[PDB]
Structure formats: structure tokens, C-alpha cells
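Two forms, one chain: they're shown below as C-alpha cells, one block per form, named structure 1 and structure 2.
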Structure 1
């Protein structure tokens, strides 16, 4: 198999410390991630923390090279480390190929998020021709409309509305107050945060003598497997065919996906991104916070767009792309902005000077 590496690994990992009322031995945690325990496996662990923040009842890890210098000083009970960093480490190491990935897996063992038991709350309204798997949970005041299908092991939070004929595949999780319109089809293991709206009618109007005329939005939405949708994110239904979200797509908070957008597998979009109608984004792309795409363009695979960029055209070459200006102190920025308005004149004058010299 060919080696893999992704530049996102460079990103600083948030610092912090979590103390839990749960406990696991180091041996139990190591077994979960296939770690070799170099030291006593019997130590109880009652939380997780980054190196400088960790105490003796917590497991830590080394993720960023910038914190390697603090490893020998950490008060952590044990540390997830590569074999190289474990060599000569004074404490207990849990030796793994990738400490951060191991931490990612272990984090779930300490999660305090509520887990609902199977069953439908007495106050939930479920249409007679809707089908809710007996292993699913449906919370208080949720509404499940005609023909909807709720798969095995799905959690539907309080106040969710699941529109007519909409489908949630096995293992899905919807926080309280998620809205699906009709004809939204979702694959397996979705995760949707509160306030998300999926399948709304987007802007579909034609101008007739100055007056906007509504176009009915009669497509739906198709979402693949292993998709994340952040808080208050909106995804429009299609005009005729479905808006399409691929497998493993991870959408942050307050994103706007317009009608008929297509997002390829394993693409990530950071918060506040807006994608205009019919834009097509390939696989393994990343859009940073606040990026906008104009409509009816295509982005090829392996494209990264930096924060607050306005993407105005199709991208056919992998790489990173940007727009905007450097931040400056306001008084300095004002001078730069004034000169930008003079650029056409400046260019003309430079050309004339070159002719003269």
C-alpha cells in the first residue's frame, strides 16, 4: 500500500483538560487502539488532556511537534507516543503509530453526550404509514410524516421534524430541533447538529416585467454515508433533480448549500461557507471558513480554498486558492485601498515611463 499524508495534520490541536466520572485502566484504553503499554497497564485513567495541561490521572498524547519540548515535563499519567518518542521516556508510554488518531478514537470513551434508549416518546407524532425501526429512538414532540423511514439504531432528538417520504439510514444521529423537508434521502451514520434545515426551497425565481415569479423546487436531497452537518446549516432541495452530498462529507456550522449543488466524497467545509446553486465540488477538497462559491462552476479533486475567498470560476488544477487582501492597521489599509483604485492609472503611467526611458 502507498503511504498517505495530509497537510491538515499541521494544524495546532486545541489545548485542554477533561476530568471524567468514568474510569478505564490504561490496559483497557490501550486495547481499544492497539497500543503497546510500556509501563504499568493497571493505572486507572479518569480523563484526557494535552501535555502541559494533563495531571497524573489523565492520558495525554503528542500531536504537534511544537509541544514535543514539553513531553518530559508533562504530569500526565501516561502518554500516547510514537516508538521514537517513547524511547527514553521516563513515564508510561502507550506506543502507537499515530497518537492523535488514537486520541480521536479514545475521546469517545469519555463522551458525556446523552444516549437515548430505543423507543418512541409518547408525545411524538408518527404517521401510520411511516416506518420507525424498533431499535430507533424518537424524542419528545418529534413529528415523523407520511412514508418516512427511520432506520435501525437511529436517534431522533426532541422537536425534530422528519418530512414526508424522507429516509434516515442505520446508525444516524439527529440532535434536537433538526428539520428535514419531504423527499430527503440520507444514508448511514449521519450526524446532524441542532437547527440544521435539510431540503428547504432555495431561491428559485424568474424575473417577469420586474416581478419575481416562483419556480417550484420539485427535486429532493440525497446525502451519502458518514456525513456530518453542523448547527444551523442549511441544504436546499433541488429544482428538478436532487441536491447531492457524497460519502464522508463533513460540513461545519452555519453553512449554506444551495439547490443542485454536488459535493464529492470526503470533502470538508468549514463554518460559514456558502455554495451557490449548481456548483460541483470534487473529492478530498477543503473549503476554509467563510469561503463562497459562485454558481455553476466545478472544482476538481484535491483543492483547498483559504478563508473568506470568493471563488469565481471553475478550478481544474489541484492546489490552494485565495482571494482578498492582507490585514493591516486600518489607517494603513485605507492608503492601500486608495492606491488599488489608482492601479489602472498607475499601470498606464508605468508603461509611459518605460517608453520614455
Structure 2
């Protein structure tokens, strides 16, 4: 097991020990799943009720929660952010150290920093470029002239096409496909005719791309993902979308061709965006919303209906089908009075 003292861990997030710093810790855990060997935290004002009964060894707490506290504490401004920081010290994910696999193919035109690792059966086409301390997983395919900046981590079975440019510290889960040819077809008298896709992709720094997520290449200009953009799993980004820095998109979100999302935007799960619209900075879209027109006011937007028992849903739908009569009924009365 990986284990550390409260002192080593307090050091990492600059906390104050309020028991004994000598106490070993072997992993992290929620308030009411935590053992004596484990560090927890209170982030939610709500779970304030559940703190005393925790068998946690130690607890990341604001000075306020820590005050009159039965146990040993680690005191910090933001427990959750400290929790977030500490989480990496307990990550048991393997880290295949530097060098290529004999199996992995690499074109003679491909630069590949010595500090980087390429896993089994990998492939790397002509003009590729693997920046420093990058980690490329097994069965990954990098396409021609595609670029992963330093600190990148690509899980196995990730595919880049030709002409995909990525900043530093990229994180890409398995199954991801970047630079694919999206729907582009013209209608010649009711037959679809292939518009070839001759843009590429450009992705800034510190970007997460979740598993089985697809990002289409541009039609002419590049598909643009800004810096610190966090994309969950099963996401679809069409050709020529632009995403503002620090925008977060939850799972199963689909953005149509040429849509532009400003900065610090949050799209909840299974949001769709029609093509050729613009979303201004600081927009929250609630889950399974269909965004149909550009957004200029920052704030929160929804579509959908209240969940009901199916029977009540049928009565609602029917009450909705009779709105016309009700407005006819209501105009006949408007006359006589």
C-alpha cells in the first residue's frame, strides 16, 4: 500500500495539524465510510450532522468545523480543494516509465521526446511529435503531423487522426476519437455527396477528454477546444465547434457544427446544441436541454418537462392538447360580460 503521515499530507496542501502529525494514513474516504487508517473531509455544510460518528483517523476541516472536534483534524481554507489535491497521492493507476515498446511502430519523420513512454502495439504516423513526459497507452494510434504537448496522458485505444494539435497536460480516457470526419454532405438531387474534411483540430492546455468521446476535425478551419476545458464521457463535438477556456460539459452532450461556447460554461448531461449559435460566457444549461438559439444573457437555461407517473403524464399531455378549446371557451366568455 501507499501510506503517508498527516504531516507529509499537511505539507502538500499547507494545513495545520490539530492532533499528532506522526499518525500514518493509507487512503481517503467519505465521512461515514472512513476507517481509522483514512483521511476524510467536510466540504458540504449538509453532512455537518455526520462528522462526530465518523471512524476516520483524520478529517480535512475549515477552522470553524474543526473547533470543539473530538478527533484529530487537518485545518485548511477549502477542505474539498485540499481533498482534490491529496487524492493524487493515493492514485494506484500504473505509470509505464520512459522508452518505446519494441511492438509500437514509429515513422522515421516522428520526433518522440526521450522522457515519454509509448505502450504495446502503439502506432505513430509520419510527422508526429510526442512532447516531453507524455504517456501514450497500448493500441493508441497517433495520426500524421499530430502533436501532444508535454505532460499529456493518453489512456490505451485512443485514436488521433492526421493534423490534431494538442497543448500540454492533456488527459484522454480510452475509446476517444479526435479528428474524425463528421457529417458533411451536399444534396445532389436527393443523393448525399461527400464534402471532404480538410480542417484539423486544435486543443489548448490542461484539457480532459472522457471515454468514447468524439471530436470532429474542421471542414476548412480547425475545431477549437480552449484551455482547461473538461469534457466528460460519450460526448460528441461536431466539426468547427469552438469551446471557451474553463468550459465543463457533462456526459452524453452533443454540440452541432460551428457552435461557439464562451468561457466558464457548464453543460449538464445530454444537453444538445443546434449548429451555428453562440453561447456567451458563464451559461449553465440544465440536463437534457436542447439549446435552439444563441444565448447573450449569462445565467441558467432549461427545456424538458417535470417527471410524473406515466398515468399523470397522459392526463397532462391531454390537458395540453385541449389548450385551444380553453382559449376559444375563454374568448366566448370574454365577449359576454
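Residues that one form lacks are left out of the comparison. What we label the rigid core is the largest C-alpha set whose atoms superpose within 1.5 Å from one form to the other. Residue numbers count along the first chain shown, from 1.
Core fit done between structure 1 and structure 2; CA of residue 196 shifted by 0.2 Å. In the rigid-core superposition between structure 1 and structure 2, residue position residue 63 carries a C-alpha shift of 1.1 Å. For residue 346, the Cα shift between structure 1 and structure 2 is 3.0 Å when the rigid core is held fixed in the overlay. Mapped along the sequence, displacements between structure 1 and structure 2 of 2 angstroms or more at every C-alpha, sustained over at least 3 residues after core alignment, occur solely at 338 to 357.
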